[PDB]
Amino acid sequence: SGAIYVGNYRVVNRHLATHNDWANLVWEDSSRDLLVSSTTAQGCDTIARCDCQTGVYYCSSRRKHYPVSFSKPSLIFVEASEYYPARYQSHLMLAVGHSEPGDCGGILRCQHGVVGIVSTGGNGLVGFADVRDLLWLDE
Ligand SMILES: NC(=O)[C@H]1CCCN(C(=O)[C@H](OCC2CCCC2)c2ccccc2)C1
Ligand SMILES: [Zn+2]
């Protein structure tokens, strides 16, 4: 679990969004595994606006942060689940690292701020849903 709080927005994994998230829906993209809902309290997370390929992510299944090198956002294949059919997830970045179910929502950060959130795992890889292109989160 985990979320990003920026301005009057809350960014979460779409497959973990709550009834309150869907009742205050601003935007969702199943192909990205992202959902953004509105909040009343102001958020103070800073979103990174960059092309970094190195950063640090929080891994809840190890209670630890790990430094990683990660790929540029791209269309990558993902298998089925209580949540999705086998499909290509867009705007996804992979790194070599530990990720298991429960780790979704962990934040990946670079020196510029929040880059994305854990969205996929397995086979010794971790995949992050990028949020750096969502320029509207800042206004
Ligand atoms: N964005 C998606 O479509 C994801 C939805 C949840 C599921 N998912 C995954 O990639 C992994 O879960 C299934 C594996 C298969 C073998 C053991 C569990 C996973 C998720 C999070 C962290 C680590 C691993 C795909
Ligand atoms: Zn950066």
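Numbering, chain A: per Swiss-Prot, residues 869-1007 in sequence.
According to its header, the structure was obtained by X-ray crystallography, 1.4 Å.
From the backbone N, Cα and C atoms, a Cβ is placed for every residue, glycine too.
Features of the protein shown, as given by Swiss-Prot:
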ACT_SITE  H883  active site, for protease 2A activity
ACT_SITE  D901  active site, for protease 2A activity
ACT_SITE  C972  active site, for protease 2A activity
BINDING   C918, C920, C978, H980  Zn(2+) 1 binding site
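Distribution of Swiss-Prot features across the structure.
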| residue | record | DSSP (3 states) |
| --- | --- | --- |
| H883 | active site, for protease 2A activity | helix |
| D901 | active site, for protease 2A activity | coil |
| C918 | Zn(2+) 1 binding site | coil |
| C972 | active site, for protease 2A activity | coil |
| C978 | Zn(2+) 1 binding site | strand |
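When the recorded positions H883, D901, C918, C920 are checked against ligand 1, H883, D901 have a Cβ within less than 6 Å of one of its atoms. Among the recorded positions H883, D901, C918, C920, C972, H980, the ones whose Cβ sits under 6 Å from an atom of ligand 2 are, in sequence order, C918, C920, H980.
Put simply, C972 (active site, for protease 2A activity) is 21 Å from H980 (Zn(2+) 1 binding site) when counted between their Cα atoms. Same-chain residues that are not part of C918, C920, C978, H980 yet have a Cβ within 8 Å of the Cβ center of the Zn(2+) 1 site turn out to be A916, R917, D919, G923, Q979, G981, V983, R1000.
For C920 (Zn(2+) 1 binding site), the same-chain residues lying six or more positions away in sequence with a CB closer than 8 A to its CB are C978, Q979, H980, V983. Looking at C972 (active site, for protease 2A activity) and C918 (Zn(2+) 1 binding site), their Cα atoms lie 22 Å from each other.
Taking every protein chain shown into account, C918, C972, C978 are the recorded positions, and of these the Cβ with the most other Cβ atoms within 10 Å belongs to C972. Between the C-alpha atoms of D901 (active site, for protease 2A activity) and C918 (Zn(2+) 1 binding site), the distance comes to 21 Å.
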